[PDB]
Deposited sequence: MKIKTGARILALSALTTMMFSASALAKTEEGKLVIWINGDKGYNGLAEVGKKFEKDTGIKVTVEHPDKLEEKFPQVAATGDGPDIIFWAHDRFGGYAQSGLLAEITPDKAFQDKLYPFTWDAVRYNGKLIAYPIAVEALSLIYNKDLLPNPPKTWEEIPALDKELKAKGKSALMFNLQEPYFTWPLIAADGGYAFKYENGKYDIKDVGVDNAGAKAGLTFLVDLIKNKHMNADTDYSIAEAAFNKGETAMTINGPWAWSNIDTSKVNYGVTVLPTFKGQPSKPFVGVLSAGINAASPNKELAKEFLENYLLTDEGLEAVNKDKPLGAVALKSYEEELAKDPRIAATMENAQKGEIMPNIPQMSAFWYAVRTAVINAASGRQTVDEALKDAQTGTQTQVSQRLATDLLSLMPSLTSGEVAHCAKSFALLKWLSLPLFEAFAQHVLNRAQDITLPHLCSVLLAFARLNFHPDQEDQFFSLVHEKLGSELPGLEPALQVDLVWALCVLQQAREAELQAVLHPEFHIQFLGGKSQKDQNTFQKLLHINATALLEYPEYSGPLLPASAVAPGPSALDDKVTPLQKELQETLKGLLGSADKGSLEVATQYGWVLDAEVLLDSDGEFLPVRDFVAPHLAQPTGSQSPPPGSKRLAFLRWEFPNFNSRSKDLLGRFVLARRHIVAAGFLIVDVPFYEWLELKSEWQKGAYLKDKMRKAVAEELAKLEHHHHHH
């Protein structure tokens, strides 16, 4: 930012001294002094001081940061002619583009490769499909085939994306933030193969960077996946290692992300043509790059002529080959959500918290919709200027993603109260329905639901019938329904309406009617209003499957428990048992069962009998990243308890820690005992 000289920022781990030698030759020929600095955290200092017109004339950094600098207008558009652009590998120019315009010069290229132990594995595998058999071979020799960091998506992405996956679609020099390839058939096939490697004991789901590096550099595993930064540590080991092309999957190359060390020009620089001359004519030449490479190695470089020299090192050649088959890392701000969404998906799928399809689906959603704490924070700040309809829209969308940001939902409630004067019923109802879906109770709880009752009392009968059900049901979820609202939906007219339907929509409306009716029966003791007539109350997951098989083994006989028990309240129990006072199973269906629509037995349960319900909770039954159930299932559990059941909760994350059948039986028996003991303590 000073005329007549050039100031260059570059990270401290690069060959800034070799870069200075280029500056000295530049001064010698042009008379322009060139100064090179390596300030700490320059990738964060640069947007600070360039926003106000200060900083260096040229900055060196990985290309992904430059996309954000350009958005702020901090990087000048560069003007290399086609003659110069032909000197560099074409794909590298695709990394220094913003809104179709070049904003930096490619310098060096970096990507993951396959690193292998030539003593354990003289010829590395060409394909991913061979590795399992190879691991069986090596496990018998006291070794393993492959170990790499499974915790961070940067290392797993080469396999996930091999057969068609991609972060954001790139076309005509631009990224399409709406076109996300996290959940297509290629991403699924790759992740499935990764998960299968784990299930088959060829890889461990806990393996991270440190574990894999130690294993390979100690000679314990025949292969790893890593980058040039890791070569020094292997040189200091005793492993005769090679570096080569990543294996194919479905005959498609592995697609690692590519990092392009680039040089940008400060938009606030008065020496843009001097910076252009130094970069194009002195740095990006065989002599210039050699000078920098002599100080600290660049790895593979974008300049074709010098890459031919460096590529004599077969490790550099493999780096460039993998980069040319890889996916340039998108330089757009939308990648932040990608990293978080995909990281969660891989961990969830590899550990069994989700299937491959479920995990990638959510990562897709998370990447397309850019959900992040910054999103909720941005909305929280707009709240005073948002309309009632915009809040209703917000609430609906967050509830749909099961994303319960307590600070934002409390601001929804306050927003509604501050506009109780003119807020329309639809806008109020959208918030109510969102609160119920996520089981959110605001701090000004009495005030919020007083408004709901007030606004809804006079207009409820005139609403569409299915909507009346949706709204009363939401109040039942939140324990706010009033007898007059229950009555409005439970009087003998409303039923015949939805009762006789095949739509699956009337059937859902009716199911919610059973929940309302169940609330009146079980949670309002003084309720003397109308109820549904007794005559009108009459796909399998792995968790559901294993829970049933484990329970069948414990019970021993079919008569000591009932599986998939449909109640007259709409809810279905995974299982029910009747324990006598000694904790031994009784023949449950020999006894009366008020919770059921049909009577199934005449005998009265012995005194001291304890009726237990096993209730399974699946991953989607919870708010995102929490152990709090959605409203629908808070309501279900509240009803089963009110029906006189002791609860054995079987959430997926508890069952997931039980790796053997013995553990699963022991866990269920413990939960039964604990529930019964919890009760006896209640009665004191």
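Residues of the deposited sequence lacking C-alpha coordinates, numbered from 1, fall in the stretches 1 to 27, 566 to 573, 720 to 725.
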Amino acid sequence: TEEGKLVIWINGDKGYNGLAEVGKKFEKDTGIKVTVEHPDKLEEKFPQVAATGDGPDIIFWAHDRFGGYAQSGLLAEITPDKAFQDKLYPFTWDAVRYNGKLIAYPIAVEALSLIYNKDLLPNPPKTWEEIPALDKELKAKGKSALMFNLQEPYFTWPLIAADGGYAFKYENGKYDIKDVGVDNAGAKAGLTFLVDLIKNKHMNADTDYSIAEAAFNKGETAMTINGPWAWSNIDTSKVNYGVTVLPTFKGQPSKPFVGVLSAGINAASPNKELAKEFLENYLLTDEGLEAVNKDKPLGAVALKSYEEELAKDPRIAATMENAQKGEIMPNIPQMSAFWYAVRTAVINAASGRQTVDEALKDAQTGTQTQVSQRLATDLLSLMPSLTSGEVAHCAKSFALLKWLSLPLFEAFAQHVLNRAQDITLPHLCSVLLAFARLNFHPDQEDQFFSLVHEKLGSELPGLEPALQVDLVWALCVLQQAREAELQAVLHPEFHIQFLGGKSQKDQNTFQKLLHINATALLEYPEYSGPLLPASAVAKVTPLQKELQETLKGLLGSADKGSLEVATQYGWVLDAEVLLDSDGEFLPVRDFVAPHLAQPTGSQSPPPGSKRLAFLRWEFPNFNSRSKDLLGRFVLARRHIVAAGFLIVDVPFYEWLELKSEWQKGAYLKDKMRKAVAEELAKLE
From here on, numbers count along this sequence of modelled residues.
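Stretches 235 to 243 and 134 to 142 differ in mean CA B factor, with 134 to 142 having the higher one. Note on 116 to 124 vs 527 to 535: mean CA B-factor is higher in 527 to 535. Among 396, 218, 325, 505, the highest C-alpha B-factor recorded in the PDB entry belongs to 505. Ranking 248, 99, 192, 369 by Cα temperature factor from the entry places 99 first. Per-chain ranking of the deposited C-alpha B factor places residue 46 in the highest third. The PDB entry assigns residue 26 a C-alpha temperature factor belonging to the highest third of its chain's modelled residues.
Sorting the modelled residues of the chain by their CA temperature factor places residue 474 in the lowest third. Sorting the modelled residues of the chain by their CA temperature factor places residue 619 in the lowest third.
For residue 228, the recorded CA temperature factor ranks within the lowest third of the chain's modelled residues.
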